[PDB]
Each structure stands twice: as C-alpha cells, then as structure tokens.
Amino acid sequence: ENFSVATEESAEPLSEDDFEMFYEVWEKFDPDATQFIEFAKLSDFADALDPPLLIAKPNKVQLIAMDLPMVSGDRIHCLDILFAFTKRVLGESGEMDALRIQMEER
C-alpha cells in the first residue's frame, strides 16, 4: 500500500490476546479459580506466561527486585501479579511520567 504507512504499530505490545492467554496458563497452576498463587510456585508460573509477559529462567532475581505485595503469610494476589506485570512492561517509555507528576504533589 505504501504512502499510508501510518498504520504500522496500530496497537501496544500488550493486547487483549495476552489477557486471555494469561488466564489460559493460570488455569494450569490453579484449576480451582482461587485466583491466588504461592511464591514458591511463582517463579515457575512467571516463566509459564507467554510474551509480553514471559520472564525466562533462571531470572529469579528479577522477581525479587519487583517483589509484589504478598497476601496471607504465604500467598500472592493475582490482581497484583497482573498489574505489576502491566506496569513492568509499561514502565519502559509510556505512562512512566505519571509518577514524575507526583513531584509537584497536590
């Protein structure tokens, strides 16, 4: 088509296709629909996802550097895992300024 090449990249890496895929893998680590996962099993799940959510092993440290709020003494919140992964993948060059606005404070 050329000329009208203003379409290329008409979507952010993290699309809906990922949202559903995330639940697809989640079901493997949790068929009870509890929506919670154990940390000892997180590093695994973490490499169970598919890009742009896949963290290859043995990148266990990258998991500690981004320690996600932990629920019940030994259990993590999926809502937290999902969000942290959306920010981590978005803290590249977009919406990352939203924090720079905190400086002014209000």
# chains A, B, ... in the order shown; residues from 1 in each chain; ligands from 1
$ select_by_dssp --residues "chain A" --states "alpha helix (DSSP H)" --output "number ranges by chain"
A: 16-29, 39-48, 61-65, 78-88
$ select_by_dssp --residues "segment 52-81 of chain A" --states "strand (DSSP E)" --output "list in words"
residues 70, 71, 75, 76 and 77 of chain A
$ write_last_selection --atoms "C-alpha atoms" --output "compact mmCIF listing (two decimals), in the first residue's frame"
# COMPACT_ATOMS: atom_id res chain seq x y z
CA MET A 70 2.03 -10.77 49.29
CA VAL A 71 -1.32 -11.80 50.73
CA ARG A 75 0.19 -16.40 49.17
CA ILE A 76 0.16 -13.80 46.34
CA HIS A 77 -2.73 -11.86 44.78
$ residues_around --residues "residue 25 of chain A" --least-positions-apart "2" --cutoff "8 Å" --atoms "only C-alpha atoms" --output "PDB file with N, CA and C atoms, in the first residue's frame"
ATOM      1  N   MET A  21      -4.775 -15.251  27.162  1.00  0.00           N
ATOM      2  CA  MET A  21      -3.679 -16.209  27.248  1.00  0.00           C
ATOM      3  C   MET A  21      -3.199 -16.342  28.689  1.00  0.00           C
ATOM      4  N   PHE A  22      -3.214 -15.232  29.422  1.00  0.00           N
ATOM      5  CA  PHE A  22      -2.776 -15.246  30.814  1.00  0.00           C
ATOM      6  C   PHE A  22      -3.664 -16.171  31.640  1.00  0.00           C
ATOM      7  N   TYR A  23      -4.967 -16.126  31.388  1.00  0.00           N
ATOM      8  CA  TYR A  23      -5.896 -16.980  32.118  1.00  0.00           C
ATOM      9  C   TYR A  23      -5.691 -18.434  31.698  1.00  0.00           C
ATOM     10  N   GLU A  27      -4.941 -21.195  34.597  1.00  0.00           N
ATOM     11  CA  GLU A  27      -5.748 -22.389  34.838  1.00  0.00           C
ATOM     12  C   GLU A  27      -4.875 -23.616  35.117  1.00  0.00           C
ATOM     13  N   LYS A  28      -3.674 -23.651  34.540  1.00  0.00           N
ATOM     14  CA  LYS A  28      -2.751 -24.774  34.706  1.00  0.00           C
ATOM     15  C   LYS A  28      -2.179 -24.854  36.122  1.00  0.00           C
ATOM     16  N   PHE A  29      -1.963 -23.676  36.710  1.00  0.00           N
ATOM     17  CA  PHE A  29      -1.404 -23.566  38.061  1.00  0.00           C
ATOM     18  C   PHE A  29      -2.513 -23.408  39.101  1.00  0.00           C
ATOM     19  N   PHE A  45       5.370 -20.226  37.452  1.00  0.00           N
ATOM     20  CA  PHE A  45       4.291 -19.558  36.728  1.00  0.00           C
ATOM     21  C   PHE A  45       4.865 -18.406  35.896  1.00  0.00           C
ATOM     22  N   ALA A  48       5.838 -19.392  32.874  1.00  0.00           N
ATOM     23  CA  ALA A  48       4.740 -20.130  32.248  1.00  0.00           C
ATOM     24  C   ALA A  48       3.958 -19.219  31.309  1.00  0.00           C
ATOM     25  N   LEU A  49       4.047 -17.913  31.541  1.00  0.00           N
ATOM     26  CA  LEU A  49       3.349 -16.954  30.692  1.00  0.00           C
ATOM     27  C   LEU A  49       4.035 -16.855  29.334  1.00  0.00           C
TER      28      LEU A  49
END
$ atom_distance --atom1 "atom CA of residue 74 of chain A" --atom2 "atom CA of residue 87 of chain A"
23.4 Å
$ closest_atom_pairs --of "segment 20-46 of chain A" --to "segment 50-68 of chain A" --cutoff "12 Å" --atoms "only C-alpha atoms" --output "Markdown table"
| residue | atom | partner | partner_atom | distance |
| --- | --- | --- | --- | --- |
| A:20 | CA | A:50 | CA | 11.0 |
| A:21 | CA | A:50 | CA | 7.6 |
| A:22 | CA | A:50 | CA | 7.7 |
| A:23 | CA | A:50 | CA | 11.1 |
| A:24 | CA | A:50 | CA | 10.2 |
| A:25 | CA | A:50 | CA | 8.7 |
| A:26 | CA | A:50 | CA | 11.4 |
| A:37 | CA | A:68 | CA | 11.9 |
| A:38 | CA | A:68 | CA | 11.9 |
| A:39 | CA | A:68 | CA | 9.8 |
| A:40 | CA | A:60 | CA | 10.8 |
| A:41 | CA | A:60 | CA | 11.4 |
| A:42 | CA | A:63 | CA | 8.8 |
| A:43 | CA | A:60 | CA | 6.3 |
| A:44 | CA | A:57 | CA | 8.4 |
| A:45 | CA | A:54 | CA | 9.2 |
| A:46 | CA | A:55 | CA | 6.0 |
$ atom_distance --atom1 "atom CA of residue 91 of chain A" --atom2 "atom CA of residue 72 of chain A"
27.7 Å
$ closest_residue --among "A:103, A:84, A:89, A:33" --to "residue 15 of chain A" --atoms "only C-alpha atoms"
A:89
$ atom_distance --atom1 "atom CA of residue 11 of chain A" --atom2 "atom CA of residue 47 of chain A"
24.3 Å
$ closest_residue --among "A:79, A:73, A:35, A:86" --to "residue 18 of chain A" --atoms "only C-alpha atoms"
A:86
$ closest_residue --among "A:17, A:1, A:30, A:9" --to "residue 78 of chain A" --atoms "only C-alpha atoms"
A:30
$ decode --residues "chain A" --atoms "C-alpha atoms" --output "compact mmCIF listing (two decimals), in the first residue's frame"
# COMPACT_ATOMS: atom_id res chain seq x y z
CA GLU A 1 0.00 0.00 0.00
CA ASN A 2 2.84 2.37 0.88
CA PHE A 3 2.16 6.06 1.44
CA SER A 4 -0.47 5.37 4.09
CA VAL A 5 2.10 3.58 6.26
CA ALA A 6 0.74 5.46 9.27
CA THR A 7 -0.89 2.20 10.39
CA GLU A 8 2.23 0.26 11.34
CA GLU A 9 2.18 -0.49 15.07
CA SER A 10 -1.51 0.40 15.48
CA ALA A 11 -1.55 -1.30 18.88
CA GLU A 12 0.51 -1.61 22.06
CA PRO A 13 2.54 -4.87 22.59
CA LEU A 14 0.24 -5.83 25.46
CA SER A 15 -3.09 -6.56 23.75
CA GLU A 16 -6.21 -8.47 24.79
CA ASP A 17 -4.80 -11.61 23.20
CA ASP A 18 -2.49 -11.60 26.21
CA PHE A 19 -5.25 -11.13 28.79
CA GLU A 20 -6.97 -14.36 27.69
CA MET A 21 -3.68 -16.21 27.25
CA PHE A 22 -2.78 -15.25 30.81
CA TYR A 23 -5.90 -16.98 32.12
CA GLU A 24 -5.07 -19.98 29.93
CA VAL A 25 -1.79 -20.51 31.77
CA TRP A 26 -3.27 -19.51 35.11
CA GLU A 27 -5.75 -22.39 34.84
CA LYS A 28 -2.75 -24.77 34.71
CA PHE A 29 -1.40 -23.57 38.06
CA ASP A 30 -4.87 -23.07 39.55
CA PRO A 31 -7.91 -25.06 38.26
CA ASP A 32 -9.82 -24.06 41.40
CA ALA A 33 -10.24 -20.49 40.16
CA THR A 34 -8.91 -19.34 43.53
CA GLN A 35 -7.08 -16.51 41.75
CA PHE A 36 -4.14 -16.86 44.17
CA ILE A 37 -0.67 -18.49 43.78
CA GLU A 38 2.18 -19.47 46.11
CA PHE A 39 5.53 -17.63 45.82
CA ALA A 40 7.50 -20.88 45.75
CA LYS A 41 5.46 -21.64 42.63
CA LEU A 42 5.54 -18.08 41.26
CA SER A 43 8.99 -18.32 39.67
CA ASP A 44 7.56 -21.21 37.69
CA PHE A 45 4.29 -19.56 36.73
CA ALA A 46 6.38 -16.49 35.88
CA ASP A 47 8.07 -18.50 33.08
CA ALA A 48 4.74 -20.13 32.25
CA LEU A 49 3.35 -16.95 30.69
CA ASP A 50 3.91 -16.02 27.04
CA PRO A 51 5.39 -12.69 25.76
CA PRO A 52 4.98 -9.85 26.51
CA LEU A 53 4.62 -11.45 29.98
CA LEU A 54 7.19 -14.24 29.74
CA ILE A 55 10.20 -13.97 32.06
CA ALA A 56 12.75 -16.60 31.08
CA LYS A 57 14.51 -18.57 33.81
CA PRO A 58 16.61 -18.52 35.80
CA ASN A 59 15.68 -14.82 36.15
CA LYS A 60 14.55 -15.35 39.75
CA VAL A 61 16.22 -12.17 40.92
CA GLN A 62 14.15 -10.03 38.56
CA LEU A 63 11.24 -11.46 40.56
CA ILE A 64 12.69 -10.34 43.89
CA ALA A 65 13.66 -6.88 42.60
CA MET A 66 9.96 -6.40 41.82
CA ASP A 67 8.64 -8.08 44.98
CA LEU A 68 4.86 -7.94 44.56
CA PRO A 69 2.61 -7.39 47.65
CA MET A 70 2.03 -10.77 49.29
CA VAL A 71 -1.32 -11.80 50.73
CA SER A 72 -1.92 -14.32 53.56
CA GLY A 73 1.51 -15.11 55.14
CA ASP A 74 2.35 -17.38 52.16
CA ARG A 75 0.19 -16.40 49.17
CA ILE A 76 0.16 -13.80 46.34
CA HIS A 77 -2.73 -11.86 44.78
CA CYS A 78 -3.34 -12.43 41.05
CA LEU A 79 -4.70 -8.91 40.65
CA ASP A 80 -1.33 -7.78 41.98
CA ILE A 81 0.65 -10.14 39.73
CA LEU A 82 -1.32 -8.95 36.70
CA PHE A 83 -0.90 -5.24 37.46
CA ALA A 84 2.78 -5.42 38.37
CA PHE A 85 3.35 -7.19 35.06
CA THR A 86 1.43 -4.47 33.19
CA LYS A 87 3.49 -1.74 34.84
CA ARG A 88 6.83 -3.53 34.49
CA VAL A 89 6.14 -3.93 30.78
CA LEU A 90 4.78 -0.36 30.62
CA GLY A 91 7.49 1.28 32.73
CA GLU A 92 9.60 1.34 29.56
CA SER A 93 8.59 4.55 27.80
CA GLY A 94 4.92 5.30 28.45
CA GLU A 95 2.74 6.35 31.38
CA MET A 96 6.03 6.32 33.29
CA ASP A 97 5.77 10.10 33.52
CA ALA A 98 2.56 9.84 35.54
CA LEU A 99 4.89 9.37 38.50
CA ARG A 100 7.00 12.39 37.61
CA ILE A 101 3.86 14.44 38.26
CA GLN A 102 3.90 13.31 41.88
CA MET A 103 6.80 15.70 42.43
CA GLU A 104 4.51 18.73 42.33
CA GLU A 105 2.15 16.88 44.67
CA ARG A 106 -1.38 18.13 45.32
